[PDB]
Amino acid sequence: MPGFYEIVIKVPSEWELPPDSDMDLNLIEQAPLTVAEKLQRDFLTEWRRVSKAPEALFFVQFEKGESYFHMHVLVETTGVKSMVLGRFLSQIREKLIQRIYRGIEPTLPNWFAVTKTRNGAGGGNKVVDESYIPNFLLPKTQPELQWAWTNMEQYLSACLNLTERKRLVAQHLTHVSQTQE
Amino acid sequence: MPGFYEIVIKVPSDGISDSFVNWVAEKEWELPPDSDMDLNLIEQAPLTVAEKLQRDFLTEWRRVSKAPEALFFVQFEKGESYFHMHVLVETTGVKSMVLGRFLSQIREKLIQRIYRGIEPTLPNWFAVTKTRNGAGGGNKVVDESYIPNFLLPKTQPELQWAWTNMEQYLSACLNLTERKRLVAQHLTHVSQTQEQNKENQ
DNA sequence: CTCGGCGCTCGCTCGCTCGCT
DNA sequence: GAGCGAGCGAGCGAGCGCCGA
Ligand SMILES: [Mg+2]
Ligand SMILES: [Mg+2]
């Protein structure tokens with residue numbers, strides 16, 4: 001398994017759940033999700049271009065925070081060296097503003113932000129390990145959890161199913177537990 | 001507001017000999033009547049080369065920039081090591097991304113026209129001012145305050161000559177009491193502005 | 001003193017711009 | 001038109017001095 005970049009996108013504050021989902025449609029907010037579906041889809045479209053990675057592994061999760069909606073994008077680093085992630089990410093940020101926001105930049109502070117190895121300045125683009133998904137994304141539960149997308153086989157059935165998340169989390173803790181022997 | 005590129009050109013202390021007529025040796029400079037400078041401290045032959053450099057640089061600038069009437073301020077100086085010219089030219093018509101290629105056009109022309117195709121020995125004789133002192137910054141844009149801040153304060157013998165089409169510095173180029181006046185006037189504003197900022201928390 | 005996060009520097013990277021041929 | 005390539009400069013990030021704990 002490869003490393004991942006994390007880009008977090010804040011989203012300003014009629015879908016169906018797939019048959020296999022156990023989630024509560026009543027707790028998923030329609031309007032913000034529609035914005036998020038465009039952002040993730042278009043991000044990944046541009047991502048595939050700059051990285052020359054048509055099959056790029058990704059996991060995206062849309063969450064409802066205490067102050068704003070935020071979307072975690074995890075893309076495989078293959079094809080995009082850390083040294084050039086910035087110049088490519090700025091191209092993508094611009095596409096979104098044009099395609100989704102009619103070319104009016106969102107008011108939201110820090111609304112499109114890569115995850116660095118440090119809080120201040122001078123850090124590096126963080127290569128997030130894939131265990132980030134069970135350790136930190138899978139355990140989210142409604143209403144905080146709002147939606148998720150992936151092309152990673154392990155998580156197809158997990159995106160929108162709370163039981164399957166629960167299982168994979170536990171499957172992970174077991175594996176962790178196994179290495180400690 | 002007008003922004004300015006800054007090119008800095010070194011001039012040597014040097015088919016030019018005193019044993020025969022030539023465009024450098026033959027020139028003799030007078031101060032305009034309004035000037036309070038000391039002509040004995042101004043070096044005639046470097047001055048003469050320096051005048052030709054800035055003159056030609058400018059007309060080549062008006063070509064690439066497609067901007068006749070482009071604002072400029074140029075000042076020739078005698079330093080510890082070399083003579084040098086600070087050329088300030090308005091950015092209009094030249095996007096920073098293409099300054100280089102145009103500056104190299106001009107640099108080559110000056111080498112052919114003034115140096116007869118023999119590239120100057122001097123180490124970094126034609127260099128544009130960047131936003132950082134090392135590699136990888138952009139071409140610097142300064143505003144007019146750079147003139148009262150860093151060029152007007154010079155006195156002789158460091159100050160040799162100045163040329164400008166800028167209304168406000170016409171009389172200052174070669175009048176020292178004029179420079180002094182404008183420097184005080186500027187510093188006063190800068191000082192009040194400093195106070196005002198400190199008091200604005 | 002030790003410790004550690006933060007602000008910041010600077011040699012360096014490398015996809016992009018665009019006048020030129 | 002096509003595409004070369006010097007010049008571009010935002011981005012990078014290990015390293016380090018500072019400062020409050
Ligand atoms: Mg999270
Ligand atoms: Mg000087």
Side-chain angles (χ1 to χ4, degrees), chain A residues 2-9 43-54 56 73 75-99 105 109-129, chain B residues 3-9 57-68 70 87 89-113 119-120 123-143 197 201:
Chain A
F4 284 82
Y5 292 131
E6 177 174 43
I7 297 86
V8 184
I9 302 183
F43 183 101
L44 295 163
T45 281
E46 303 304 299
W47 180 264
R48 285 181 199 97
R49 177 178 59 85
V50 293
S51 65
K52 305 183 190 169
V73 177
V75 266
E76 176 167 16
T77 63
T78 296
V80 177
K81 280 175 294 181
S82 188
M83 181 55 75
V84 301
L85 184 66
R87 64 190 66 185
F88 287 150
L89 271 176
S90 67
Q91 291 173 11
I92 292 182
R93 179 176 60 256
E94 181 71 9
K95 288 287 173 71
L96 300 173
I97 294 175
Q98 297 296 126
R99 281 167 90 185
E105 173 112 42
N110 208 48
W111 78 266
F112 182 92
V114 65
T115 302
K116 301 286 199 167
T117 62
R118 33 182 307 154
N119 277 303
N125 304 303
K126 191 190 210 180
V127 185
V128 192
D129 185 83
Chain B
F4 289 88
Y5 288 131
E6 165 171 62
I7 298 81
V8 164
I9 299 162
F57 175 94
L58 290 196
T59 24
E60 286 301 306
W61 183 267
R62 305 193 187 92
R63 183 182 57 93
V64 284
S65 67
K66 278 177 57 150
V87 176
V89 64
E90 208 160 10
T91 64
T92 316
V94 181
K95 283 184 258 169
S96 173
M97 176 81 60
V98 292
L99 185 59
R101 60 193 37 160
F102 289 162
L103 275 185
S104 206
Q105 279 181 4
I106 304 188
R107 194 194 71 257
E108 192 55 40
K109 194 111 187 86
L110 295 183
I111 285 175
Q112 186 222 10
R113 297 293 300 152
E119 172 123 33
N124 193 20
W125 77 276
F126 188 112
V128 78
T129 298
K130 299 282 185 191
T131 49
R132 82 170 89 176
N133 295 298
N139 298 303
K140 188 151 190 203
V141 175
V142 298
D143 62 279
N197 284 337
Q201 199 215 67

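Sequence lines set the chain letters: A, B, ... in the order given, protein chains first and strands last, and positions in each chain run from 1. Every heavy atom of this structure was used, including side-chain atoms; hydrogens, water molecules and symmetry mates were not.
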Next on the checklist: Heavy atoms from C-beta onward define the side chain here; which of D:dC12, D:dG7, C:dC12 lies closest to that of B:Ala135?
Outcome noted: C:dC12
Item to check | Pairwise side-chain contact, B:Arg113 with B:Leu110, heavy-atom cut-off 4.5 Å (strictly under) | outcome: no
Next on the checklist: Under 4.0 Å, heavy atoms only, any strand: does B:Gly137 hit a base, just the sugar-phosphate, or nothing?
Outcome noted: base
Next on the checklist: Students often get this wrong, so: under 4.0 angstrom with heavy atoms, is A:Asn119 touching a base, only sugar-phosphate, or nothing?
Outcome noted: sugar-phosphate
Checklist entry - Side chains of B:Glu90 and B:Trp61: is there a donor and an acceptor less than 3.5 Å apart? => result no
Item to check | Nearest-angstrom distance from the residue atom CZ of A:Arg118 to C1' of C:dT9 | outcome: 12 Å
Next on the checklist: What contact category does A:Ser82 fall into here, base, sugar-phosphate, or nothing, at under 4.0 angstrom with non-hydrogen atoms?
Outcome noted: sugar-phosphate
Item to check | Nucleotide D:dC8, atom P - distance to CG of B:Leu99 in whole Å | outcome: 6 Å
Next on the checklist: Testing the 3.5 Å rule here: is there a donor-acceptor pair between the side chains of A:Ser90 and A:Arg93?
Outcome noted: no
Checklist entry - Expressed in angstrom and rounded to an integer, what is the separation of B:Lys95 atom NZ from D:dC8 atom P? => result 14 Å
Next on the checklist: Any base atoms under 4.0 Å from A:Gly124, or only sugar-phosphate, or nothing? Heavy atoms, all strands.
Outcome noted: sugar-phosphate
Checklist entry - From D:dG13, D:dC8, C:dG15, pick the nucleotide closest to the side chain of A:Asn125? => result D:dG13
Item to check | Value in whole Å for how far the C1' atom of D:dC4 lies from CZ of B:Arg101 | outcome: 11 Å
